[PDB]
Amino acid sequence: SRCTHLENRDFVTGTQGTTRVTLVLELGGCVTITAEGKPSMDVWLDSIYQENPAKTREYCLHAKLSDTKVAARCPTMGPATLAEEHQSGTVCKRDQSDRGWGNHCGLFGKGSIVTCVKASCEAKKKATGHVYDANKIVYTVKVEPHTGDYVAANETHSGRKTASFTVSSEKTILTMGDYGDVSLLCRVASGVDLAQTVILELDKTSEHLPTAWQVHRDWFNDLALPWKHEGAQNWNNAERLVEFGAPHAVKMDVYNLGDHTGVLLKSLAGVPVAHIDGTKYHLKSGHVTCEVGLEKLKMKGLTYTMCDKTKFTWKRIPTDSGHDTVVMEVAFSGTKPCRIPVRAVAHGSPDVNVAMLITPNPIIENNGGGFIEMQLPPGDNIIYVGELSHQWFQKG
Amino acid sequence: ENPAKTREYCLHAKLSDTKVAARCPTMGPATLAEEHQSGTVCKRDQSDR
Ligand SMILES: *[C@@H]1O[C@H](CO)[C@@H](O)[C@H](O)[C@H]1NC(C)=O
């Protein structure tokens, strides 16, 4: 059961007469679905991603400044000028400088001065944005039958099934092996706000940073840096990384305002990360809405022999899961497929079985089946698996 | 001469290509592709099963 691997979980319960359950599935959540006379199911939103989402605006984090050129004129001669002022990839400022005799100039007054600095971006100091397309984004929903098999989070359940929901994907049927069929219809517009969302990406090779951040579209367009679109040759607003020092005769002081990477990372502290599996850009938060069809699921092995009540041992003793459920695993020593004789008793009242199983009709197979999950009332209880027993105290 | 037609009516229908689909008491609604198609008449009902 995948939803034991997570400390966020939900439990959904249908009666014997149920069909088409409606869910919100969230990234890093998981839902266990239960219905009377049906096998229970773990259903989760595995991922939301796109292959190669469209590059939007690039920003420059650190300017590389060069070719500072100055021209200046005496107070009568009007504007000083440079061809730079008209070239691509330059920053310029025009100002008034005090002039006089000995400033190698005819008259005491203010002379026009112009300075221009050539201003490319520093190597690998780009913050690129990407935008999702509702016509190419994939939601992934995963399902597993809630069998008596325990498999770790670094391991895969053989009954695990996967459905991709693109916009071109209609109501999809997954054959849960011997457990029948489940059907899913997840509406890709009944999910994340893809217009409001940018995947912000820096250097992918940065060993001590996130691969990307999930950032708001308006905030990204409000980043106060030089910027350009994909394939554009030169930075808009290159001024934002250059300061000019107050004019001195025939000088105005070009200052590179330094690397703004740490300014960005402070404004990205605690912000949701996004993973980048090569070409796949993954959200790590967000959700989808689905209808799940239970109406073609089957109970496995309801016609199997009850197991020999003597032949059980624990593999894993009754344990609190943190979800108010108790989990355990048993071995069985007959060479058989059989129904596990599981029950639990409120201590001192042996007649009323109080085991609400989460694994319905628990069964041991020729390989697999020993794991059981159940819910119990507060106070002292005894769990039984035939002749095995374990006194269990239930909190709250 | 040849006054403008209004509505045609049919006095005698012709029925062909009848199809039935049924589903057991909790497997949800039975369906046919013919419930979408033009020129079909359909009924949806409950059967004691
Ligand atoms: C999962 O991790 C455990 C502990 O390191 C290891 O024994 C087991 O083989 C791993 N399973 C897989 C399939 O990687």
Selection from the stretch A:159-168 of residues that are more than 16 Å from the ligand (Cβ to nearest atom) and among the basic types (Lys, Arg): A:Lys161
List the pairs whose first member sits in the stretch A:265-282 and is of a type in the set (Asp, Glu), whose second member is surrounded by 15 or more Cβ atoms within 10 Å (Cβ to Cβ), and whose Cβ atoms are under 8 Å apart, counting only residues at least 6 apart or on separate chains? A:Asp277/A:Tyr49
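Looking at this structure, is A:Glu207 assigned to a strand (DSSP E or B), out of contact with any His (no Cβ under 9 Å at 6 or more places or on another chain), without any contact (Cβ under 8 Å) to a residue 60 or more places away in the chain and over 30 Å from A:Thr19 (Cα atoms)?
In short, no.
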Cβ pairs under 7 Å, 6+ apart, first in the stretch A:287-312 and more than 14 Å from chain B (Cβ to nearest Cβ), second in a loop (DSSP other than H, G, I, E, B) and among the acidic types (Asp, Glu): A:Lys309/A:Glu387; A:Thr310/A:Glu387; A:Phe312/A:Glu387
Output the residue which, of all residues in the stretch A:114-158 that are within 30 Å of A:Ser40 (Cα to Cα) and small (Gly, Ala, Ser), is nearest to the ligand (Cβ to nearest atom). A:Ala152
In the stretch A:349-381, which residues are surrounded by 17 or more Cβ atoms within 10 Å (Cβ to Cβ) and either among the charged types (D, E, K, R) or over 22 Å from A:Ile33 (Cβ atoms) (or both)? A:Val354, A:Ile364, A:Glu365, A:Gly370, A:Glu373, A:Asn381
Residue count, the stretch A:218-240 (criterion: under 30 Å from A:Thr140 (Cα atoms) and touching a residue at least 60 places away in the same chain (Cβ under 8 Å)): 3
Of the conditions (1) in a helix (DSSP H, G or I); (2) touching a residue at least 60 places away in the same chain (Cβ under 8 Å), A:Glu84 satisfies every one except a single condition; which number is it? (2)
Taking first residues from the stretch B:24-36 that are within 12 Å of another protein chain (Cβ to nearest Cβ) and second residues anywhere that are of a type outside the set (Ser, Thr, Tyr), the pairs with Cβ under 6 Å that are 6 or more apart or on different chains are B:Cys24/B:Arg49; B:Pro25/B:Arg49; B:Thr26/A:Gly17; B:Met27/A:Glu295; B:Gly28/A:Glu295; B:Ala30/B:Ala21; B:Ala30/B:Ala22; B:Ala30/B:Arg23
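Laboratory data are not the source of any read-out in this text; all were calculated from the coordinates shown. Positions of Cβ are generated from backbone atoms using ideal geometry, with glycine treated the same way; all protein chains shown enter the neighbour counts.
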